Participant: 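Pasting in a structure now, in structure tokens, and then I'll have a few things to ask.
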There are 2 protein chains.
Amino acid sequence: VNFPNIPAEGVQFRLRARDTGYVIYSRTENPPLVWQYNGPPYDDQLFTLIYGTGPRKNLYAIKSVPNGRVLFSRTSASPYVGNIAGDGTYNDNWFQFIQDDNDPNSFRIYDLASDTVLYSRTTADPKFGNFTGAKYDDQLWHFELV
Amino acid sequence: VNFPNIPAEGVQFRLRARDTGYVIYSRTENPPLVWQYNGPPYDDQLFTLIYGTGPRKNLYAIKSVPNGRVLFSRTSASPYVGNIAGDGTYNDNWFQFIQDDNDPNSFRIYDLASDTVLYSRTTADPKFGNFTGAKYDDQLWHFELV
Ligand SMILES: CC(=O)N[C@@H]1[C@@H](O[C@@H]2O[C@H](CO)[C@H](O)[C@H](O)[C@H]2O)[C@@H](O)[C@@H](CO)O[C@@H]1O
Ligand SMILES: CC(=O)N[C@@H]1[C@@H](O[C@@H]2O[C@H](CO)[C@H](O)[C@H](O)[C@H]2O)[C@@H](O)[C@@H](CO)O[C@@H]1O
Ligand SMILES: CC(=O)N[C@@H]1[C@@H](O[C@@H]2O[C@H](CO)[C@H](O)[C@H](O)[C@H]2O)[C@@H](O)[C@@H](CO)O[C@@H]1O
Ligand SMILES: CC(=O)N[C@@H]1[C@@H](O[C@@H]2O[C@H](CO)[C@H](O)[C@H](O)[C@H]2O)[C@@H](O)[C@@H](CO)O[C@@H]1O
């Protein structure tokens, strides 16, 4: 089931992991360019959605506020999660927000092109990334409105 | 996770529900045109897949062998599950086969356009149709190669 409370198109938000409490950031310099972060609020943690239409209905591009790049999540090449210019030129720029089966207030950030979800954990490296496999709680996110 | 054993493009199969053992048929006259059936093998139960590319990567159109029409699954008008000519002209002609998280040998027939899955049951009317909601066993299918 698609997450029923997706931010209106163009509205700004942070993406905060339910369990770790870390947020996603997206910047243009100093790798990792897209990763999780535990610390103060900065602009590179702010995103907006472009709503998919036609074949991309129910998918969304996740655009960085300060730099305008959109997120990607892929299994083809490192870095697996990153950013790129444009408004969703590539199929791996398109995400589905899938509500959790048990917790109605959290969702997985799912990528149809790569069949992956994003995760945030405090255990093994890489502590942030994408994953094709079983459902774990570390894959659960909130939209944090600003 | 996408079902790991999806039939190769053009390969013929029946879609059989894991639990009911019923199959999907797709005919050109007499509503319901697409429904479930318990009985001998007949040609309007035979399908092939058209593989999606680009924005339809990991999606598939389900095409009738005898009549060439593809399935659709929608929530906007009746019938909700039906068929239409072409090779997947419309967005709701495109399906994802999502492996069950508990039973790796079955999958859901998921529609991205309508956020629904197909089900087959012996309980309440309508006994076949589409559904947006919790994961249930009557939503689980097999590819039955012929
Ligand atoms: C101080 C420092 O090196 N922190 C690292 C992070 O870098 C910070 O990330 C935030 C994200 O909003 C912002 O871009 C800051 O300018 C930047 O210094 C980051 O690189 C992480 C990666 O795991 O490590 C430290 O936390
Ligand atoms: C054509 C090419 O090699 N471009 C590289 C980029 O690769 C594209 O990245 C997008 C991201 O949405 C998508 O994965 C495409 O399939 C892929 O070809 C990219 O990797 C950048 C830096 O990440 O380098 C090249 O520009
Ligand atoms: C088996 C294994 O280590 N696989 C790696 C992934 O780890 C899994 O990640 C999920 C994320 O939801 C969860 O934390 C599991 O417990 C863990 O096994 C992951 O690190 C990816 C990153 O690319 O690599 C392997 O697939
Ligand atoms: C109340 C009702 O009609 N719910 C339907 C669902 O029924 C569930 O079925 C599963 C087995 O699949 C199990 O027996 C549950 O106890 C039962 O509630 C189910 O048929 C779905 C369709 O997948 O929708 C119905 O509404």
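Naming convention: chains lettered A, B, ... in sequence-line order (proteins, then strands); numbering from 1 in each chain. Every number for a ligand or one of its atoms is a count from 1 in the order of the listing. Hydrogens, waters and symmetry mates are skipped; everything else that's a heavy atom, side chains included, is used.
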Participant: Hey, what's the ring geometry for A:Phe143 with A:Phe3, parallel, tilted or perpendicular (30° and 60° as the breaks)?
Facilitator: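 Answer is tilted, since the angle falls between 30° and 60°.
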Participant: Going by the rule salt bridge (charged side-chain N to carboxylate O under 4.0 Å, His left out), which residues pair with A:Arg108 if we only count those two or more places apart in sequence or in a different chain?
Facilitator: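 A:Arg108: salt bridge (charged side-chain N to carboxylate O under 4.0 Å, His left out) contacts with A:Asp100.
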Participant: Using the ring-ring contact (aromatic ring centres under 6.0 Å, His included) definition, which of the options A:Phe95, A:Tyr51, A:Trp94 pairs with A:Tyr60?
Facilitator: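 Only match with A:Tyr60 under ring-ring contact (aromatic ring centres under 6.0 Å, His included): A:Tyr51.
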Participant: For the hydrophobic clusters of this structure (ILVMFWY residues joined by side-chain heavy atoms under 4.5 Å, transitively), does one cluster hold both B:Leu59 and B:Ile98?
Facilitator: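 Per the 4.5 Å side-chain linkage, B:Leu59 and B:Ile98 are co-clustered.
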Participant: So is there a nitrogen or oxygen of B:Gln139 less than 3.5 Å from a nitrogen or oxygen in ligand 4?
Facilitator: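 Yes; at least one N/O pair falls below 3.5 Å.
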Participant: In a check of ring-ring contact (aromatic ring centres under 6.0 Å, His included) between A:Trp35 and each of A:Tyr25, A:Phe128, A:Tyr80, which one passes?
Facilitator: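 Checked A:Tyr25, A:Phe128, A:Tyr80 against A:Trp35; only one passes ring-ring contact (aromatic ring centres under 6.0 Å, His included): A:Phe128.
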Participant: For B:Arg121 and ligand 4, does the shortest N/O to N/O distance drop below 3.5 Å?
Facilitator: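 B:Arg121 vs ligand 4: N/O contact under 3.5 Å present.
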Participant: Between the protein and ligand 2, are there any N or O atom pairs that come within less than 3.5 Å of each other, and if so, what are their names and distances?
Facilitator:
residue  : atom   : partner : partner atom : Å
ligand 2 : 9 (O)  : A:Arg74 : NH1          : 3.3
ligand 2 : 12 (O) : A:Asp92 : OD1          : 2.6
ligand 2 : 12 (O) : A:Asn93 : OD1          : 2.8
ligand 2 : 14 (O) : A:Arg74 : NH1          : 3.1
ligand 2 : 14 (O) : A:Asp92 : OD2          : 2.7
ligand 2 : 20 (O) : A:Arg74 : NH1          : 3.0

Participant: Check for me, please, whether A:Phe47 and A:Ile6 land in the same ILVMFWY cluster - side-chain distances under 4.5 Å, paths through other members count.
Facilitator: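 Yes; tracing contacts between hydrophobic side chains, which count when under 4.5 Å, links both residues.
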Participant: Measuring centre to centre across the rings, with the benzene-like ring taken for any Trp, is A:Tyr37 within less than 6.0 Å of A:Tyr22?
Facilitator: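 No, ring centres 6.0 Å or more apart.
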Participant: Among the heavy atoms of A:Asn130, does any lie under 4.0 Å from an atom of ligand 3?
Facilitator: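 Distance cut 4.0 Å: A:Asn130 passes for ligand 3.
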Participant: State whether B:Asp101 and A:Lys135 are salt-bridged, where the test is any N-O pair (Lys NZ or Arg NE/NH1/NH2 against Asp/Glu carboxylate O) under 4.0 Å.
Facilitator: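 Looking at A:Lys135 together with B:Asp101, the answer is yes, because their closest N to O distance falls below 4.0 Å.
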Participant: Is there a polar contact between ligand 4 and B:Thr123, counting only N or O atoms under 3.5 Å apart?
Facilitator: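 The answer is no, given that B:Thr123 and ligand 4 share no N or O pair closer than 3.5 Å.
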